[PDB]
Amino acid sequence: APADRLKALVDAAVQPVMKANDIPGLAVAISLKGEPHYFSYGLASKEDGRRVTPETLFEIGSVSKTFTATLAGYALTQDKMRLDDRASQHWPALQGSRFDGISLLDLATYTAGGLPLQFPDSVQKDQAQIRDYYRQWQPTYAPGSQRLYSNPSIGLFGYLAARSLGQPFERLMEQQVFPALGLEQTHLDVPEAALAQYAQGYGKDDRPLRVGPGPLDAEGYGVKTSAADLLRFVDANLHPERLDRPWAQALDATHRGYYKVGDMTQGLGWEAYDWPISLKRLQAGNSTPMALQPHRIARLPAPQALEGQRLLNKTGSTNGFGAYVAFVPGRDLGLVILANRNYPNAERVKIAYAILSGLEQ
Ligand SMILES: *C(=O)[C@@H]1[C@H](NS(=O)(=O)O)CCN1C(=O)N[C@H]1CCCN(CCN)CC1
Ligand SMILES: [Cl-]
């Protein structure tokens, strides 16, 4: 009955949302009572008929930021950087720029002062262009005052964390972070040998969309991973103590809230909500206006442990993919919803919520 109920629950949560959002393929992984549960739906590729499996690689887009945050957490807990470091401390190119007055924390938590959602399309995946972009960037408002969800913000945070560790971000992820997290199906650059696992992404008119190179793509949205691996990462988050101490600490560093915007407490990468909270509030927290509009932050007097009765989540999308990860530290409950369509965050949260609610009920 338990496996049946869980399947019934996940199917009931997933299938209508897949149909409603014409999601070709969707992988759910749920960590429940110390066990992974995988539910795979539809097609990794509509064209070659490859089914989604728990090993299908999906672009997780901005969910990558939680990996980025973990690397940063590593840098932080390795004392290679501090959250209150000015950004320019970790990149000479930024000295003299406004990043002299912007903390790593600001970058991490999108409060640098209006760094946009994405790099402008003019900024290519080019060290110099990224350098030039930040050098010329000016805060729209005081750093530390407004959250404007931003790839270049946390991208730079990750980039600087990498710099603080003296290695390229991508190399640190591949050589240290992913192996530390026991992730062998998690890639910034999917190996050729794993490309068969790489789901097709689908956008408008089902145009195939796999994420192309972009500035700080690795940091912002670089990860392709399987539901199984992303759940392993969720499990690492649920149980940092299961990782070697440096990485346990790194993960812990992503479970610290720095401010609140509405119901959301912003950690490094992870965004936390009190749990339970209504689906609508969780959706609002993961809504377009939340992402696209600056929100005055309510800074916490001290970093808040993002644990216990909290839902930590991250939405992530690429043009062709829509990922959502949510976990409830205090419930040893985690779920991953990876889809090869960028379907509305609200819908991802709806699936997650239906699953979480059904697990409660
Ligand atoms: C993360 O996925 C962010 C944003 N996250 S959010 O849903 O939580 O608001 C959603 C879109 N987004 C993101 O990173 N977009 C990338 C997608 C990749 C393609 N585009 C160029 C690819 N080189 C960059 C924008
Ligand atoms: Cl970007």
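Values reported hereafter were calculated over all heavy atoms of this structure, with side chains retained and with hydrogens, waters and symmetry mates removed. Numbers here simply count residues along the sequence, with the first being 1.
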Identify, with sequence neighbours excluded, every residue that meets side-chain contact (heavy atoms from CB on, under 4.5 Å) alongside [X].
X    : result
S64  : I60, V223
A69  : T254, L268
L195 : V190, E192, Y198

Testing the 3.5 Å rule here: is there a donor-acceptor pair between the side chains of [X] and [Y]?
X    : Y    : answer
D22  : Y343 : no
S103 : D84  : no
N342 : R348 : yes

[X] side chain to [Y] main-chain N or O, any donor-acceptor pair under 3.5 Å?
X    : Y    : answer
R310 : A305 : yes
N151 : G220 : no
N286 : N345 : no
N340 : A44  : yes
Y258 : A108 : no
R341 : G203 : yes
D126 : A128 : yes
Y133 : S122 : no
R98  : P139 : no
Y134 : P152 : yes

Ignoring hydrogens, what is the shortest heavy-atom contact between [X] and [Y]? Give both atom names and the distance.
X    : Y    : answer
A75  : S164 : CB-OG, 3.3 Å
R281 : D263 : NH1-OD2, 2.7 Å
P24  : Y202 : CG-CD1, 3.4 Å
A27  : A227 : CB-CB, 3.5 Å
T77  : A250 : OG1-N, 3.7 Å

- Compute the ring centroids of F67 and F178, then answer whether they are less than 6.0 Å apart.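 Centroid separation for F67 and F178: below 6.0 Å.
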
- Step by step, work out the side-chain contact (heavy atoms from CB on, under 4.5 Å) result for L32 and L333. CA-CA 5 Å; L32 166 71; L333 269 172; 3.5 Å; yes

- Does one hydrophobic cluster hold both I297 and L312, with members joined at side-chain heavy-atom distances below 4.5 Å?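 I297 and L312: separate clusters.
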
- If you group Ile, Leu, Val, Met, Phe, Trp and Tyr by side-chain heavy-atom gaps below 4.5 Å, do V63 and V28 land in one group?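 In one cluster with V63: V28, no.
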
- Does the pair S97 and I102 meet the rule for a side-chain contact (heavy atoms from CB on, under 4.5 Å), with working shown? CA-CA 9 Å; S97 80; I102 291 161; over 6 Å; no

To the nearest 0.5 Å, tell me how far [X] [atom1] sits from [Y] [atom2].
X    : Y    : atom1 : atom2 : value
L156 : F99  : CG    : CZ    : 5.5 Å
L231 : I30  : CG    : CD1   : 8.5 Å
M290 : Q283 : CE    : CD    : 13.5 Å
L300 : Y259 : CG    : OH    : 10.0 Å
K280 : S287 : NZ    : OG    : 13.5 Å
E307 : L238 : CD    : CG    : 12.0 Å

- Message: As a test of understanding, state which of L359, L356, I351 forms a side-chain contact (heavy atoms from CB on, under 4.5 Å) with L335.
- Response: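 Among the candidates, only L356 passes.
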
Of all residues at least two apart in sequence or in a different chain, which pass the side chain to side chain donor-acceptor pair (under 3.5 Å) check with [X]?
X    : answer
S88  : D100
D48  : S45, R50
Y159 : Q127

Any side-chain heavy-atom pair of [X] and [Y] under 4.5 Å:
X    : Y    : result
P344 : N21  : yes
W247 : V177 : yes
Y41  : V52  : no
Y141 : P294 : yes
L251 : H239 : no
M264 : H295 : no
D85  : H90  : yes
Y110 : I154 : yes

- Residues two or more places apart in sequence or in another chain: which of them pass salt bridge (charged side-chain N to carboxylate O under 4.0 Å, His left out) with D121?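 Counting only residues at least two positions away or on another chain, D121 forms no salt bridge (charged side-chain N to carboxylate O under 4.0 Å, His left out).
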
- Taking salt bridge (charged side-chain N to carboxylate O under 4.0 Å, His left out) as the test, write out the residues that go with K314, two or more places apart.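 For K314 there are no salt bridge (charged side-chain N to carboxylate O under 4.0 Å, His left out) partners, ignoring immediate neighbours.
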
- Listed once per pair and sorted, the salt bridge (charged side-chain N to carboxylate O under 4.0 Å, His left out) pairs that draw on residues 216-227, sequence neighbours left out: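 Matches after skipping sequence neighbours: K125-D217.
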
- Query: Under the salt bridge (charged side-chain N to carboxylate O under 4.0 Å, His left out) rule, what pairs show up with a residue in residues 268-278, not counting sequence neighbours?
  - Reply: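 Salt bridge (charged side-chain N to carboxylate O under 4.0 Å, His left out) check on residues 268-278 returns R147-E271.
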
- Query: Which pairs count as side chain to side chain donor-acceptor pair (under 3.5 Å) when at least one residue sits in residues 180-191, sequence neighbours excluded?
  - Reply: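 Checked against side chain to side chain donor-acceptor pair (under 3.5 Å) - neighbours excluded - the pairs reaching residues 180-191 are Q185-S226, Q185-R232, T186-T225, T186-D229.
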
- Is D132 salt-bridged to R135, going by a charged N under 4.0 Å from an acidic O?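 So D132 pairs with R135 through a salt bridge.
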
- Message: Could you walk me through whether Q197 and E55 satisfy the side chain to side chain donor-acceptor pair (under 3.5 Å) test, starting with their C-alpha distance in whole Å, then the side-chain angles of each, then the deciding distance to 0.1 Å, before giving a yes or no?
- Response: CA-CA 7 Å; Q197 293 284 188; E55 288 71 52; over 6 Å; no

- Stepwise side-chain contact (heavy atoms from CB on, under 4.5 Å) test for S150 and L117: CA-CA 4 Å; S150 168; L117 171 75; 5.9 Å; no

Let me have the donor-acceptor pairs involving side chains of residues 166-174, under 3.5 Å, with sequence neighbours excluded, atom names and distances please.
none

- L282 vs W275, side-chain contact (heavy atoms from CB on, under 4.5 Å): CA-CA, chis, key distance, verdict: CA-CA 10 Å; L282 190 54; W275 193 247; 4.2 Å; yes

